[PDB]
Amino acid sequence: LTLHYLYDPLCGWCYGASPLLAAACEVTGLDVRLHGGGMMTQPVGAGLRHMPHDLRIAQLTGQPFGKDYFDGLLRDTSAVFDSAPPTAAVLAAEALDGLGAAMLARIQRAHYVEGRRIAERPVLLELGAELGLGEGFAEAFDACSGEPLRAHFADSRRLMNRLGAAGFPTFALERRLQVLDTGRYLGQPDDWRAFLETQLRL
């Protein structure tokens, strides 16, 4: 039984679903695969900022948003919302140490809580070194940024296409593929964990 997670690091609703990914990774016997879809492959300014989701995500999921994000990053004209570098960091963390899910959660915290520029290589290398990957992560990240990332995006978008999935977050359970009702479980990680346990029982 495999849980496929189609995500994008710059998708606010994926951050709202971060507790669901964390809860899923605690279910014994359940395999979890990450699929980055490449949502933004935008400079920060008038167009990118026009946020009203974010406070709604916080109301629904309890996920925190930091002042350095609201009043720092989203106000920084020279920041770029690029989904490719953070996705390559997730790929590299998974390739090096099987820490893809942990790296995605850390990336989202760096962006939404800390207001860091997750599209920049030094920030992603700093996050990898925080997770204890400083030996080899730089080379793995640069390697994953090229043709591995491109192939990963193409694979993810073909999966989205076959499932009729319009966007992120999207969870699909493979036993045969079944897309799950993620909106039902937003803000309910304990319900979500029990649902995945109940699927193993059935």
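Residue indices: 1-based, along the sequence shown.
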Counting only residues that lack coordinates, how big is the gap in the deposited sequence between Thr41 and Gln42? Pick none, 1 to 3, 4 to 9 or 10 or more.
4 to 9
Comparing 23-31 with 60-68, the higher average Cα temperature factor in the PDB entry belongs to 23-31
Out of 9-17 and 190-198, which stretch has the higher average CA B-factor listed in the record?
190-198
From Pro169, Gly164, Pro52, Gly36, pick the one with the largest CA B-factor in the entry?
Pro52
Deposited CA B-factor, highest of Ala84, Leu74, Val113, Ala93
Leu74
Compare the C-alpha B factor of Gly132 with those of the other modelled residues in its chain, then answer lowest, middle or highest third.
highest
So where's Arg175 on the chain's Cα temperature factor ranking, which third?
highest
